[PDB]
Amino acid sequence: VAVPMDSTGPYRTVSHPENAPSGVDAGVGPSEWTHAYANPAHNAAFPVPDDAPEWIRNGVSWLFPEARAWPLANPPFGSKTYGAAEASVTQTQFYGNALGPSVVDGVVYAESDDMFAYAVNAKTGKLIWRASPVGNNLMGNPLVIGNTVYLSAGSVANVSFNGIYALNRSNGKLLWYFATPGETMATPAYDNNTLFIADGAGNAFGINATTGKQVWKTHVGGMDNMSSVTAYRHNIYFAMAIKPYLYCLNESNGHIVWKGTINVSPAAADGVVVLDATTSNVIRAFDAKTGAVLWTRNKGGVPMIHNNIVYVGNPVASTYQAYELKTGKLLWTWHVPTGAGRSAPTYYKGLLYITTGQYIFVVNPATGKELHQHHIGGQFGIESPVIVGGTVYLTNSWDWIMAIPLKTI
């Protein structure tokens, strides 16, 4: 397949197979990544067997510069022009990673607004491959299924090129692309050999995850900005702007199941689908199957559902709150010390992990009290911690991929 490229140029695909994990190194972590935040619940927390290799259980520490990497100690580039907050958002949007990484079978995958996708070794941190099949930003986390990694191209604002690009997981070569007129900033969803994505022109597509050819097309209208498609129980759920509805569609034929009302990816667990939006911030849970509104209570946080508890942030209030999944009452509220509340929390072995600002926080899920805080630098806008074994894997808005031992925080 042909894309605009100089095979000898700086945008060429670079492969270093010697650094790929091998043997028991290649079994570490999940064998697939099907969603933004790896699962419909938006909790990426992966335990390892008792006999797992020592490096992940004890934890590893490595720091990987991405193409436009900026020092974590430095303030936002472009300080005296845009302003501190505007430059933090701007560098996040056009330089660094918007979302977190994808850790599968001993390899950490990230795609950056610097227009490259990376596959890095989860143990050492050395590059397996790097690729730039498209000249546009990549605002999501790579989906790793079988031997194929799936990338989504799109920009914040007929602006460059948009769609899904699918490359070989091993060497990074380009398998196929499916171009769309509207934004694919949203992470697609994978289920049963099919990819599901919504554009900014109001169209949702099923796509064959192998051949790359289109399966079905359904026009819902509106714009999908940051809300990544969620595939749950044979149906796909996604939100649209300019006509603010949450849709449920049939994965096979693309028919519309139901619509519901009230930038954020909806979380689904235990037959419940949670979303929050702005007008303040209102969170609402739906019955996944029939679309009936389960509860409603009084921009926006990305929810996580674990053990029938929703943990979601309030960017206006700069807080994270824990809601009971079915009843929707808020158990506790934790105030961030003085853009907090963008990232989804990670609940692992009885603790909460939150990447916000330049820090990673650990919070007690029972009382909502901060236990520890660990300084890193850079910025975490929407990046969420990915915890596998005793090691935390992160991306940063200054274009970094890192590994930190879980003990260190």
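Note that residue numbering begins at 1 and tracks the sequence as displayed.
K.L.:
Between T338 and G339, determine how many residues of the deposited chain lack coordinates; answer none if the chain runs continuously, otherwise 1 to 3, 4 to 9, or 10 or more.
P.N.:
Unmodelled stretch: 4 to 9 residues.
K.L.:
Select one of none, 1 to 3, 4 to 9, or 10 or more to describe the deposited residues without coordinates separating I262 and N263.
P.N.:
Gap between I262 and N263: 4 to 9 residues without coordinates.
K.L.:
Comparing 220 to 228 with 139 to 147, which has the greater mean CA B-factor as deposited?
P.N.:
Taking the mean C-alpha B-factor of 220 to 228 and of 139 to 147, the larger value falls to 220 to 228.
K.L.:
According to the deposited model, is the average Cα temperature factor higher in 113 to 121 or in 309 to 317?
P.N.:
Mean C-alpha B-factor is greater for 309 to 317.
K.L.:
Out of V103, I164, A209, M240, which shows the largest CA B-factor listed in the entry?
P.N.:
Each of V103, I164, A209, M240 was compared by C-alpha B-factor; the highest is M240.
K.L.:
Among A153, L72, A285, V108, which residue carries the highest C-alpha B-factor recorded in the PDB entry?
P.N.:
Within the set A153, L72, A285, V108, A285 shows the top C-alpha B-factor.
K.L.:
Determine, from the deposited record, the chain-internal third of the Cα B-factor for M5: lowest, middle or highest.
P.N.:
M5: CA B-factor falls in the lowest third of its chain.
K.L.:
Comparing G182 with the other modelled residues of its chain, is its CA B-factor in the lowest, middle or highest third?
P.N.:
Ranked within chain, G182 CA B lands in the highest tercile.
K.L.:
Using only modelled residues of the chain, where does the Cα B factor of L352 rank: lowest third, middle third or highest third?
P.N.:
According to the entry, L352 has a C-alpha B-factor in the chain's middle third.
K.L.:
Compare the C-alpha B factor of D276 with those of the other modelled residues in its chain, then answer lowest, middle or highest third.
P.N.:
It belongs to the highest third of the chain when residues are ordered by C-alpha B-factor.
K.L.:
Hey, what third does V48 fall into on Cα B-factor, ranked over its chain?
P.N.:
Its C-alpha B-factor, which the entry lists for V48, ranks in the lowest third among residues of this chain.
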